Structure formats: structure tokens, C-alpha cells
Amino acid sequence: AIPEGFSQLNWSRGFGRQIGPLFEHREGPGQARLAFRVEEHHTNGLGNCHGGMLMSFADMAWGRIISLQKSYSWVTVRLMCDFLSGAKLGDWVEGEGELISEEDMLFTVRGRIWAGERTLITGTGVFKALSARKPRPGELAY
């Protein structure tokens, strides 16, 4: 029962699959959102989401902006996260960034991660767009 508007992302290999399952919001309003359900392999072994998981999730959730806007490959240059509250096993966690500025292909994204009415993380990411790649469904270039 995936929350309305979301569909599962599918990787075959690499780090996204290690930390999945992750979900992306469909095209239109809320498209910039990713989500995940806290599962045992996300946790600290004690029923709570590991903060390292939430940072990895913020990295991907907030960088999603650049993918959608440009369909460029990109790399994190800076990531800053303040942790306000925790997530537990089975929480539906969501993440989104807002694109504030771009200078010479450095995109600054202000971001949040939340689980319902609880804000888990507030922070800022700076991502460097590298070069054009094959567009993916839902991206502007697709």
C-alpha cells in the first residue's frame, strides 16, 4: 500500500538499492518528493531509523531537483543537516528540496525530511551539475 502519488524506484545495483526501497512522486505537484518506509535494514537495530540513512536519503531527495530540472549527472559538493526528531520502524518518511539559486552549475537546495507532521531534518545541499545524461521519465528533458 504505497501512499497516494508515489511509485517504487527500482535499481538493479549500486547504493540506491542497498538503501531502498525508495519511492518517487509522480509527475505534477509534489514531483520533487522522494519517500521511503523505515524497514529493519534502515534502523539502528532498536526500532529507529539510523541518522546515516536519513542523511543518505536527504542527499538523494534534495539532489532530485537537479535531475528533474536538467537531466544532468551531478555530484554533492556540500551537505548540511540538522536532525530535529527521529523516525521509527514503519514510518513513512518524505524528503524534498527547493532550488534556491544556481551559480556556474552549482545548485543550492534548501531541504526538509519529514514523517507526517514531524520534521526530521532541515538543511541545505549544494550540488554540482556535471554533464547531460539520458533523461528519465518525469524529468523536464524527457
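The first residue of the sequence shown is number 1, and the count goes up from there.
**Report entry** Residue with maximal Cα B-factor (values as given in the PDB entry) among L84, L106, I113, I100
**Finding:** Comparing C-alpha B-factors across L84, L106, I113, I100, the top value belongs to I100.
Query raised in the report: Lowest, middle or highest third: where is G63 by C-alpha B factor in its chain?
Result: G63: CA B-factor falls in the middle third of its chain.
Query raised in the report: Compared with the other modelled residues in the chain, in which third is the CA B-factor of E94?
Result: It belongs to the lowest third of the chain when residues are ordered by C-alpha B-factor.
**Report entry** Third assignment of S131 from its chain's C-alpha B-factors
**Finding:** Its C-alpha B-factor, which the entry lists for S131, ranks in the middle third among residues of this chain.
Report task. Grab the CA temperature factor for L46 from the record and place it in the lowest, middle or highest third of its chain. Result -> CA B-factor rank for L46: highest third.
**Report entry** Within-chain third of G28 by Cα B-factor, per the entry
**Finding:** According to the entry, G28 has a C-alpha B-factor in the chain's highest third.
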